[PDB]
Every structure is written in structure tokens, then in C-alpha cells.
$ cat structure16.txt   # compact mmCIF, N, CA and C atoms
# COMPACT_ATOMS: atom_id res chain seq x y z
N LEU A 1 154.42 74.80 45.60
CA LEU A 1 155.45 75.79 46.14
C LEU A 1 156.57 76.06 45.13
N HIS A 2 157.03 77.30 45.12
CA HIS A 2 158.00 77.83 44.15
C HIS A 2 159.09 78.71 44.82
N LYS A 3 160.35 78.52 44.43
CA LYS A 3 161.43 79.40 44.82
C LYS A 3 161.49 80.70 44.03
N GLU A 4 161.52 81.82 44.72
CA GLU A 4 161.75 83.10 44.10
C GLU A 4 163.09 83.67 44.49
N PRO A 5 163.68 84.49 43.60
CA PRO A 5 164.94 85.16 43.91
C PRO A 5 164.81 86.26 44.96
N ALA A 6 165.87 86.41 45.76
CA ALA A 6 165.96 87.49 46.71
C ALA A 6 167.41 87.88 46.80
N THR A 7 167.67 89.12 47.24
CA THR A 7 169.04 89.55 47.49
C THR A 7 169.30 89.85 48.97
N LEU A 8 170.47 89.53 49.45
CA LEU A 8 170.82 89.85 50.85
C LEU A 8 170.99 91.36 51.08
N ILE A 9 170.46 91.86 52.23
CA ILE A 9 170.62 93.12 52.70
C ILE A 9 171.52 92.83 53.93
N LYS A 10 171.01 92.07 54.89
CA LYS A 10 171.74 91.92 56.16
C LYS A 10 171.18 90.70 56.90
N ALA A 11 172.04 89.91 57.52
CA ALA A 11 171.59 88.87 58.45
C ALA A 11 171.34 89.53 59.80
N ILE A 12 170.21 89.27 60.44
CA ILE A 12 169.94 89.88 61.71
C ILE A 12 170.28 88.96 62.88
N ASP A 13 169.86 87.68 62.90
CA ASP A 13 170.38 86.78 63.91
C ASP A 13 170.17 85.41 63.33
N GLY A 14 170.12 84.34 64.14
CA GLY A 14 170.07 83.00 63.56
C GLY A 14 168.82 82.73 62.71
N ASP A 15 167.68 83.34 63.05
CA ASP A 15 166.49 83.06 62.26
C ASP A 15 165.76 84.23 61.59
N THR A 16 166.43 85.36 61.51
CA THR A 16 165.87 86.56 60.88
C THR A 16 166.90 87.14 59.92
N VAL A 17 166.49 87.33 58.68
CA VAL A 17 167.38 87.93 57.69
C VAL A 17 166.60 89.03 56.95
N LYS A 18 167.31 90.11 56.60
CA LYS A 18 166.68 91.11 55.80
C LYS A 18 167.10 90.96 54.36
N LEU A 19 166.12 90.92 53.45
CA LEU A 19 166.38 90.58 52.06
C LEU A 19 165.61 91.55 51.23
N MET A 20 166.13 91.85 50.04
CA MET A 20 165.40 92.62 49.05
C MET A 20 164.61 91.65 48.20
N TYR A 21 163.30 91.85 48.18
CA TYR A 21 162.36 90.91 47.59
C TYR A 21 161.37 91.72 46.73
N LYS A 22 161.38 91.44 45.42
CA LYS A 22 160.66 92.23 44.37
C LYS A 22 160.94 93.68 44.60
N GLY A 23 162.23 94.03 44.67
CA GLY A 23 162.67 95.39 44.82
C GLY A 23 162.36 96.09 46.12
N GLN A 24 161.93 95.35 47.08
CA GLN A 24 161.55 95.89 48.48
C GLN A 24 162.43 95.26 49.58
N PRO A 25 162.97 96.08 50.61
CA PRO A 25 163.55 95.49 51.77
C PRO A 25 162.47 94.86 52.65
N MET A 26 162.72 93.77 53.08
CA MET A 26 161.71 93.13 53.89
C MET A 26 162.52 92.26 54.80
N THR A 27 162.12 92.20 56.05
CA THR A 27 162.66 91.27 57.02
C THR A 27 161.87 89.93 56.90
N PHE A 28 162.63 88.83 56.89
CA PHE A 28 162.16 87.47 56.78
C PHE A 28 162.46 86.68 58.09
N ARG A 29 161.49 85.91 58.53
CA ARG A 29 161.57 85.08 59.68
C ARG A 29 161.53 83.66 59.03
N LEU A 30 162.48 82.84 59.42
CA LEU A 30 162.55 81.42 58.98
C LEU A 30 161.46 80.59 59.54
N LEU A 31 160.57 80.10 58.66
CA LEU A 31 159.52 79.13 59.07
C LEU A 31 160.04 77.97 59.82
N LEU A 32 159.23 77.54 60.83
CA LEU A 32 159.33 76.42 61.66
C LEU A 32 160.47 76.12 62.53
N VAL A 33 161.34 77.11 62.79
CA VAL A 33 162.55 76.89 63.51
C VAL A 33 162.73 77.99 64.54
N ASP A 34 163.28 77.60 65.67
CA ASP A 34 163.60 78.56 66.67
C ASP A 34 165.03 78.43 67.00
N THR A 35 165.79 79.49 66.74
CA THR A 35 167.30 79.67 67.11
C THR A 35 167.32 80.22 68.46
N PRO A 36 168.41 79.98 69.22
CA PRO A 36 168.63 80.82 70.44
C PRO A 36 168.88 82.32 70.14
N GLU A 37 168.47 83.18 71.03
CA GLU A 37 168.52 84.56 70.67
C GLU A 37 169.69 85.34 71.21
N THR A 38 170.11 86.31 70.40
CA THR A 38 171.16 87.25 70.71
C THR A 38 170.58 88.62 71.10
N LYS A 39 169.37 88.92 70.64
CA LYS A 39 168.77 90.25 70.87
C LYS A 39 167.64 90.23 71.91
N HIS A 40 167.08 89.03 72.15
CA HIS A 40 166.07 88.73 73.20
C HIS A 40 166.08 89.67 74.44
N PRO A 41 164.93 90.36 74.70
CA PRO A 41 164.79 91.36 75.79
C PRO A 41 165.41 90.90 77.13
N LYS A 42 164.74 89.92 77.75
CA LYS A 42 165.26 89.24 78.91
C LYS A 42 166.41 88.34 78.43
N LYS A 43 167.34 88.12 79.36
CA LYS A 43 168.49 87.21 79.30
C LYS A 43 169.75 87.44 78.27
N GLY A 44 169.75 88.65 77.60
CA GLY A 44 170.85 88.98 76.67
C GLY A 44 171.04 87.85 75.65
N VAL A 45 172.24 87.37 75.42
CA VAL A 45 172.48 86.27 74.54
C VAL A 45 172.16 84.97 75.25
N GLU A 46 171.47 84.14 74.51
CA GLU A 46 171.23 82.77 75.05
C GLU A 46 172.42 81.97 74.58
N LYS A 47 172.56 80.78 75.15
CA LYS A 47 173.64 79.89 74.74
C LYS A 47 173.38 79.41 73.29
N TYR A 48 174.41 79.45 72.45
CA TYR A 48 174.35 79.07 71.03
C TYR A 48 173.67 80.17 70.15
N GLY A 49 173.25 81.26 70.76
CA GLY A 49 172.74 82.43 70.05
C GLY A 49 173.77 82.96 69.07
N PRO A 50 174.98 83.30 69.58
CA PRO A 50 176.07 83.77 68.75
C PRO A 50 176.49 82.78 67.65
N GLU A 51 176.63 81.53 67.96
CA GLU A 51 176.89 80.52 66.95
C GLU A 51 175.74 80.31 65.93
N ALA A 52 174.47 80.28 66.34
CA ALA A 52 173.40 80.17 65.31
C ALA A 52 173.40 81.34 64.38
N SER A 53 173.70 82.48 64.96
CA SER A 53 173.74 83.74 64.29
C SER A 53 174.93 83.77 63.34
N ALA A 54 176.11 83.33 63.76
CA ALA A 54 177.24 83.26 62.79
C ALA A 54 177.05 82.26 61.67
N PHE A 55 176.41 81.14 61.97
CA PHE A 55 176.11 80.16 60.97
C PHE A 55 175.22 80.76 59.85
N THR A 56 174.14 81.44 60.23
CA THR A 56 173.22 82.01 59.26
C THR A 56 173.94 83.07 58.44
N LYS A 57 174.73 83.92 59.11
CA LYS A 57 175.48 85.01 58.51
C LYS A 57 176.44 84.50 57.43
N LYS A 58 177.20 83.44 57.69
CA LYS A 58 178.22 82.92 56.77
C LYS A 58 177.54 82.31 55.61
N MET A 59 176.46 81.58 55.89
CA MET A 59 175.66 80.91 54.86
C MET A 59 175.12 81.86 53.80
N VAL A 60 174.55 82.98 54.22
CA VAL A 60 173.90 83.86 53.32
C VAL A 60 174.87 84.83 52.65
N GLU A 61 175.92 85.24 53.39
CA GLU A 61 176.94 86.16 52.87
C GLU A 61 177.82 85.51 51.79
N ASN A 62 178.05 84.21 51.89
CA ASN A 62 178.83 83.48 50.91
C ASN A 62 178.09 82.80 49.83
N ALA A 63 176.75 82.98 49.80
CA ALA A 63 175.87 82.36 48.77
C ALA A 63 176.06 83.04 47.40
N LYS A 64 175.92 82.26 46.38
CA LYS A 64 175.87 82.76 45.01
C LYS A 64 174.47 83.23 44.83
N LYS A 65 173.52 82.41 45.31
CA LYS A 65 172.12 82.64 45.05
C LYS A 65 171.34 82.46 46.33
N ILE A 66 170.39 83.25 46.66
CA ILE A 66 169.45 83.26 47.75
C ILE A 66 168.06 83.10 47.11
N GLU A 67 167.29 82.22 47.56
CA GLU A 67 165.91 82.10 47.14
C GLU A 67 164.99 81.97 48.38
N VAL A 68 163.73 82.41 48.25
CA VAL A 68 162.78 82.33 49.33
C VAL A 68 161.62 81.46 48.79
N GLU A 69 161.04 80.67 49.67
CA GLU A 69 159.90 79.87 49.26
C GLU A 69 158.80 80.07 50.32
N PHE A 70 157.66 80.64 49.95
CA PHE A 70 156.58 80.84 50.92
C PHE A 70 155.87 79.51 51.07
N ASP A 71 155.22 79.26 52.19
CA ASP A 71 154.40 78.05 52.33
C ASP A 71 152.96 78.36 51.82
N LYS A 72 151.97 77.51 52.13
CA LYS A 72 150.58 77.69 51.58
C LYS A 72 149.72 78.70 52.35
N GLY A 73 150.06 78.99 53.61
CA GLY A 73 149.26 79.99 54.38
C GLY A 73 149.59 81.48 54.25
N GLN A 74 149.36 82.21 55.32
CA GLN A 74 149.67 83.61 55.25
C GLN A 74 151.22 83.76 55.03
N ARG A 75 151.57 84.84 54.39
CA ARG A 75 152.97 85.03 54.03
C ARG A 75 153.74 85.98 54.89
N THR A 76 153.06 86.66 55.81
CA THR A 76 153.76 87.64 56.68
C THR A 76 153.21 87.38 58.08
N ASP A 77 154.02 87.51 59.13
CA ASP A 77 153.46 87.43 60.48
C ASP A 77 152.86 88.75 60.97
N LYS A 78 152.46 88.81 62.25
CA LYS A 78 151.89 90.05 62.82
C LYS A 78 152.88 91.24 62.85
N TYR A 79 154.18 90.93 62.87
CA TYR A 79 155.20 91.94 62.89
C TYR A 79 155.62 92.42 61.52
N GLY A 80 154.90 92.00 60.49
CA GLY A 80 155.30 92.40 59.14
C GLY A 80 156.41 91.59 58.49
N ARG A 81 156.90 90.58 59.17
CA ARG A 81 158.03 89.77 58.63
C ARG A 81 157.53 88.74 57.59
N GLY A 82 158.21 88.59 56.45
CA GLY A 82 157.88 87.50 55.48
C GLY A 82 158.10 86.16 56.19
N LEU A 83 157.27 85.17 55.92
CA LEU A 83 157.52 83.89 56.56
C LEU A 83 157.89 82.93 55.44
N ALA A 84 159.11 82.40 55.44
CA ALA A 84 159.60 81.63 54.29
C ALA A 84 160.62 80.60 54.70
N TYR A 85 160.71 79.74 53.68
CA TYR A 85 161.93 78.80 53.69
C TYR A 85 162.95 79.56 52.87
N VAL A 86 164.16 79.62 53.41
CA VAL A 86 165.29 80.32 52.76
C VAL A 86 166.33 79.30 52.25
N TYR A 87 166.71 79.47 51.01
CA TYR A 87 167.73 78.59 50.34
C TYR A 87 168.94 79.48 49.99
N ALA A 88 170.12 79.03 50.42
CA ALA A 88 171.41 79.62 50.02
C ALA A 88 172.09 78.57 49.10
N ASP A 89 172.25 78.90 47.82
CA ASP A 89 172.78 77.92 46.81
C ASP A 89 172.06 76.57 46.81
N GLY A 90 170.74 76.62 46.77
CA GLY A 90 170.03 75.35 46.84
C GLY A 90 169.90 74.66 48.20
N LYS A 91 170.70 75.02 49.22
CA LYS A 91 170.52 74.41 50.58
C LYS A 91 169.55 75.24 51.45
N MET A 92 168.57 74.58 52.07
CA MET A 92 167.54 75.31 52.85
C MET A 92 168.22 75.56 54.15
N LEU A 93 168.30 76.83 54.52
CA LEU A 93 168.94 77.25 55.71
C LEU A 93 168.13 76.75 56.93
N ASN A 94 166.82 76.64 56.80
CA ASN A 94 166.02 76.29 57.99
C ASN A 94 166.39 74.85 58.45
N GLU A 95 166.50 73.93 57.50
CA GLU A 95 166.91 72.53 57.78
C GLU A 95 168.36 72.51 58.23
N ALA A 96 169.24 73.25 57.56
CA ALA A 96 170.64 73.24 57.99
C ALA A 96 170.88 73.64 59.42
N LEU A 97 170.19 74.67 59.91
CA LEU A 97 170.34 74.97 61.37
C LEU A 97 169.90 73.86 62.23
N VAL A 98 168.72 73.30 61.95
CA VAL A 98 168.19 72.21 62.73
C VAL A 98 169.16 70.98 62.71
N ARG A 99 169.66 70.66 61.53
CA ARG A 99 170.62 69.60 61.41
C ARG A 99 171.90 69.80 62.26
N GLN A 100 172.35 71.04 62.42
CA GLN A 100 173.55 71.28 63.18
C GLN A 100 173.33 71.43 64.66
N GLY A 101 172.08 71.24 65.11
CA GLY A 101 171.82 71.37 66.54
C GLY A 101 171.79 72.85 66.88
N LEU A 102 171.48 73.74 65.92
CA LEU A 102 171.51 75.19 66.23
C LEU A 102 170.15 75.88 66.29
N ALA A 103 169.09 75.12 66.00
CA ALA A 103 167.67 75.50 66.08
C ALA A 103 166.90 74.28 66.56
N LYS A 104 165.76 74.55 67.24
CA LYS A 104 164.68 73.59 67.58
C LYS A 104 163.65 73.77 66.54
N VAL A 105 162.91 72.71 66.20
CA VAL A 105 161.69 72.81 65.37
C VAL A 105 160.59 73.50 66.24
N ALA A 106 160.03 74.57 65.69
CA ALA A 106 159.09 75.46 66.36
C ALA A 106 157.73 74.78 66.57
N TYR A 107 156.85 75.47 67.32
CA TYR A 107 155.40 75.18 67.29
C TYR A 107 154.74 75.56 65.94
N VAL A 108 154.21 74.54 65.28
CA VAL A 108 153.87 74.61 63.85
C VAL A 108 152.43 75.07 63.67
N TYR A 109 152.18 75.93 62.69
CA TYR A 109 150.81 76.37 62.45
C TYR A 109 150.36 76.08 61.04
N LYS A 110 149.50 75.07 60.91
CA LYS A 110 148.76 74.81 59.67
C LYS A 110 148.09 76.12 59.23
N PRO A 111 148.09 76.41 57.91
CA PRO A 111 148.71 75.55 56.86
C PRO A 111 150.22 75.75 56.57
N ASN A 112 150.95 76.53 57.38
CA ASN A 112 152.37 76.77 57.08
C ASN A 112 153.28 75.67 57.61
N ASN A 113 153.15 74.47 57.06
CA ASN A 113 153.83 73.35 57.68
C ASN A 113 154.31 72.27 56.71
N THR A 114 154.48 72.68 55.45
CA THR A 114 154.86 71.75 54.35
C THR A 114 156.12 70.94 54.61
N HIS A 115 157.19 71.61 55.06
CA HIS A 115 158.46 70.96 55.33
C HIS A 115 158.63 70.52 56.78
N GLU A 116 157.54 70.38 57.55
CA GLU A 116 157.70 70.00 58.99
C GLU A 116 158.25 68.56 59.31
N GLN A 117 157.86 67.58 58.51
CA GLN A 117 158.36 66.22 58.71
C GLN A 117 159.87 66.16 58.49
N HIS A 118 160.30 66.70 57.36
CA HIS A 118 161.73 66.84 57.03
C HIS A 118 162.60 67.54 58.12
N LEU A 119 162.04 68.46 58.89
CA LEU A 119 162.83 69.18 59.89
C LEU A 119 162.86 68.42 61.19
N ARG A 120 161.73 67.82 61.57
CA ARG A 120 161.71 66.90 62.75
C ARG A 120 162.68 65.72 62.59
N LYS A 121 162.86 65.26 61.37
CA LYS A 121 163.84 64.21 61.13
C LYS A 121 165.29 64.71 61.30
N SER A 122 165.62 65.93 60.83
CA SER A 122 167.01 66.45 61.02
C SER A 122 167.30 66.74 62.46
N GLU A 123 166.26 67.17 63.19
CA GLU A 123 166.34 67.42 64.62
C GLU A 123 166.55 66.18 65.43
N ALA A 124 165.78 65.14 65.15
CA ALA A 124 166.02 63.75 65.65
C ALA A 124 167.51 63.36 65.45
N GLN A 125 168.00 63.46 64.23
CA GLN A 125 169.47 63.25 63.96
C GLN A 125 170.42 64.10 64.77
N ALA A 126 170.18 65.43 64.84
CA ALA A 126 171.00 66.31 65.71
C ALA A 126 170.98 65.95 67.20
N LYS A 127 169.84 65.50 67.72
CA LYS A 127 169.71 65.08 69.11
C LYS A 127 170.49 63.80 69.37
N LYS A 128 170.15 62.77 68.59
CA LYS A 128 170.93 61.53 68.46
C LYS A 128 172.46 61.78 68.38
N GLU A 129 172.96 62.70 67.55
CA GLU A 129 174.40 63.03 67.57
C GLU A 129 174.82 63.94 68.70
N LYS A 130 173.86 64.33 69.53
CA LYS A 130 174.07 65.30 70.64
C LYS A 130 174.73 66.63 70.25
N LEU A 131 174.28 67.28 69.18
CA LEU A 131 175.00 68.49 68.71
C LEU A 131 174.54 69.81 69.38
N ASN A 132 175.52 70.64 69.71
CA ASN A 132 175.31 72.01 70.18
C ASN A 132 174.20 72.13 71.24
N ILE A 133 173.04 72.65 70.84
CA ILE A 133 171.83 72.70 71.64
C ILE A 133 171.57 71.42 72.45
N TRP A 134 171.91 70.27 71.87
CA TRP A 134 171.56 68.98 72.43
C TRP A 134 172.69 68.24 73.20
N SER A 135 173.84 68.97 73.49
CA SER A 135 174.86 68.24 74.24
C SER A 135 174.62 68.35 75.74

$ encode --input "structure16.txt" --output "C-alpha cells"
Amino acid sequence: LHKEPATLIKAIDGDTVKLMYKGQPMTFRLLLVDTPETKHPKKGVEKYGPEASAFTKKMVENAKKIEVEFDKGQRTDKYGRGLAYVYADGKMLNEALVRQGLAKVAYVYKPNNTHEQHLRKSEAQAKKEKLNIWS
């Protein structure tokens, strides 16, 4: 696995960001994590939706450098979204949300599961500290 450069276009919510990637706008969905939703059809904003969403927004807007890392499987979902690990200044945003109690570790699909052990461990820690989602 390799980090590639990307540029911010716009943060969409806690787990979706639009990035310019090899000169193309593309929407990216964060591998293995589920944030509460702000745009979700039923139920309007979920609890911690606005906070997961502000966390992602601040992280990417204040970054010097944004990089995307694809896993070993398919690289786009059915909706056309890139599926990646996102790094803002070397910190992986997917782990950072999970660590802060602002995302759950998703239902994982081999082969896109390289960093799954590392995220279940941050989630264990967030639960143990009872953060946000877990209070």
C-alpha cells in the first residue's frame, strides 16, 4: 500500500470528503468506519453527526497535506465513491474518528481490510474511555 497526494475540494460529512485526485474531483468514502449521519434520509441528524462532521472538516481544512491510500480490493463502491484511508498531515482520519468515539468500525469486506485490527483497537479504547458515541 502507498499514499498518494490529493487536494481538498469540500468535506461532506463525518465520513465523506470530496477531493481532487489525479486532476479529477471525486467523492471519497472512508474505509471501515461509520460516522453518525447529518444527511441521512430518515431521522435528519443523528446524535454526534454534527460533531463527527465538524471534526472531519477541521482536520482536512487545516491540513498542510492530504493523502489517500487505497486498500488491496476494489477502489470505488457502487455509488462511484473512492474507498480509501485518508491522511491529514500524516494522521489517518479514519482511526482518529474512531479514537475520539465519533465513528464505529464498520462491517468489513475482504480484501479491503488491511487496517481493521488497528481500528478495532482504537474503538476498544474509545469505549473503555466512554467517549461521545460510547457515553

$ residues_around --input "structure16.txt" --residues "residue 115 of chain A" --least-positions-apart "5" --cutoff "8 Å" --atoms "all atoms listed in the file" --output "list in words"
residues 32, 71 and 120 of chain A

$ closest_residue --input "structure16.txt" --among "A:46, A:67, A:61, A:34" --to "residue 5 of chain A" --atoms "all atoms listed in the file"
A:67

$ closest_residue --input "structure16.txt" --among "A:133, A:119, A:83, A:63" --to "residue 102 of chain A" --atoms "all atoms listed in the file"
A:133

$ closest_residue --input "structure16.txt" --among "A:101, A:14, A:74, A:42" --to "residue 55 of chain A" --atoms "all atoms listed in the file"
A:14

$ residues_near_point --input "structure16.txt" --point "(157.9, 87.6, 59.1)" --cutoff "8 Å" --atoms "all atoms listed in the file" --output "PyMOL selection string"
chain A and resi 26-31+75-84

$ closest_residue --input "structure16.txt" --among "A:33, A:1, A:21, A:89" --to "residue 108 of chain A" --atoms "all atoms listed in the file"
A:33

$ closest_residue --input "structure16.txt" --among "A:135, A:37, A:109, A:4" --to "residue 69 of chain A" --atoms "all atoms listed in the file"
A:4

$ select_by_dssp --input "structure16.txt" --residues "chain A" --states "alpha helix (DSSP H)" --output "ChimeraX atom specification"
/A:49-61,93-99,116-128

$ atom_distance --input "structure16.txt" --atom1 "atom CA of residue 53 of chain A" --atom2 "atom N of residue 132 of chain A"
14.3 Å

$ atom_distance --input "structure16.txt" --atom1 "atom CA of residue 131 of chain A" --atom2 "atom CA of residue 100 of chain A"
6.4 Å

$ residues_near_point --input "structure16.txt" --point "(166.3, 94.5, 52.8)" --cutoff "8 Å" --atoms "only N, CA and C atoms" --output "ChimeraX atom specification"
/A:7-10,17-21,23-28

$ write_last_selection --input "structure16.txt" --atoms "N, CA and C atoms" --output "PDB file, in the coordinates of the input"
ATOM      1  N   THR A   7     167.670  89.120  47.240  1.00  0.00           N
ATOM      2  CA  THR A   7     169.040  89.550  47.490  1.00  0.00           C
ATOM      3  C   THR A   7     169.300  89.850  48.970  1.00  0.00           C
ATOM      4  N   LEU A   8     170.470  89.530  49.450  1.00  0.00           N
ATOM      5  CA  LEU A   8     170.820  89.850  50.850  1.00  0.00           C
ATOM      6  C   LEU A   8     170.990  91.360  51.080  1.00  0.00           C
ATOM      7  N   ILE A   9     170.460  91.860  52.230  1.00  0.00           N
ATOM      8  CA  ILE A   9     170.620  93.120  52.700  1.00  0.00           C
ATOM      9  C   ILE A   9     171.520  92.830  53.930  1.00  0.00           C
ATOM     10  N   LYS A  10     171.010  92.070  54.890  1.00  0.00           N
ATOM     11  CA  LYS A  10     171.740  91.920  56.160  1.00  0.00           C
ATOM     12  C   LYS A  10     171.180  90.700  56.900  1.00  0.00           C
ATOM     13  N   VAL A  17     166.490  87.330  58.680  1.00  0.00           N
ATOM     14  CA  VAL A  17     167.380  87.930  57.690  1.00  0.00           C
ATOM     15  C   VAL A  17     166.600  89.030  56.950  1.00  0.00           C
ATOM     16  N   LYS A  18     167.310  90.110  56.600  1.00  0.00           N
ATOM     17  CA  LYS A  18     166.680  91.110  55.800  1.00  0.00           C
ATOM     18  C   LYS A  18     167.100  90.960  54.360  1.00  0.00           C
ATOM     19  N   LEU A  19     166.120  90.920  53.450  1.00  0.00           N
ATOM     20  CA  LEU A  19     166.380  90.580  52.060  1.00  0.00           C
ATOM     21  C   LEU A  19     165.610  91.550  51.230  1.00  0.00           C
ATOM     22  N   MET A  20     166.130  91.850  50.040  1.00  0.00           N
ATOM     23  CA  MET A  20     165.400  92.620  49.050  1.00  0.00           C
ATOM     24  C   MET A  20     164.610  91.650  48.200  1.00  0.00           C
ATOM     25  N   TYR A  21     163.300  91.850  48.180  1.00  0.00           N
ATOM     26  CA  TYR A  21     162.360  90.910  47.590  1.00  0.00           C
ATOM     27  C   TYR A  21     161.370  91.720  46.730  1.00  0.00           C
ATOM     28  N   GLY A  23     162.230  94.030  44.670  1.00  0.00           N
ATOM     29  CA  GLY A  23     162.670  95.390  44.820  1.00  0.00           C
ATOM     30  C   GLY A  23     162.360  96.090  46.120  1.00  0.00           C
ATOM     31  N   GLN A  24     161.930  95.350  47.080  1.00  0.00           N
ATOM     32  CA  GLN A  24     161.550  95.890  48.480  1.00  0.00           C
ATOM     33  C   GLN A  24     162.430  95.260  49.580  1.00  0.00           C
ATOM     34  N   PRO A  25     162.970  96.080  50.610  1.00  0.00           N
ATOM     35  CA  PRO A  25     163.550  95.490  51.770  1.00  0.00           C
ATOM     36  C   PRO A  25     162.470  94.860  52.650  1.00  0.00           C
ATOM     37  N   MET A  26     162.720  93.770  53.080  1.00  0.00           N
ATOM     38  CA  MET A  26     161.710  93.130  53.890  1.00  0.00           C
ATOM     39  C   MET A  26     162.520  92.260  54.800  1.00  0.00           C
ATOM     40  N   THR A  27     162.120  92.200  56.050  1.00  0.00           N
ATOM     41  CA  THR A  27     162.660  91.270  57.020  1.00  0.00           C
ATOM     42  C   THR A  27     161.870  89.930  56.900  1.00  0.00           C
ATOM     43  N   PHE A  28     162.630  88.830  56.890  1.00  0.00           N
ATOM     44  CA  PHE A  28     162.160  87.470  56.780  1.00  0.00           C
ATOM     45  C   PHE A  28     162.460  86.680  58.090  1.00  0.00           C
TER      46      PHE A  28
END

$ closest_residue --input "structure16.txt" --among "A:41, A:111, A:90, A:36" --to "residue 66 of chain A" --atoms "only C-alpha atoms"
A:90
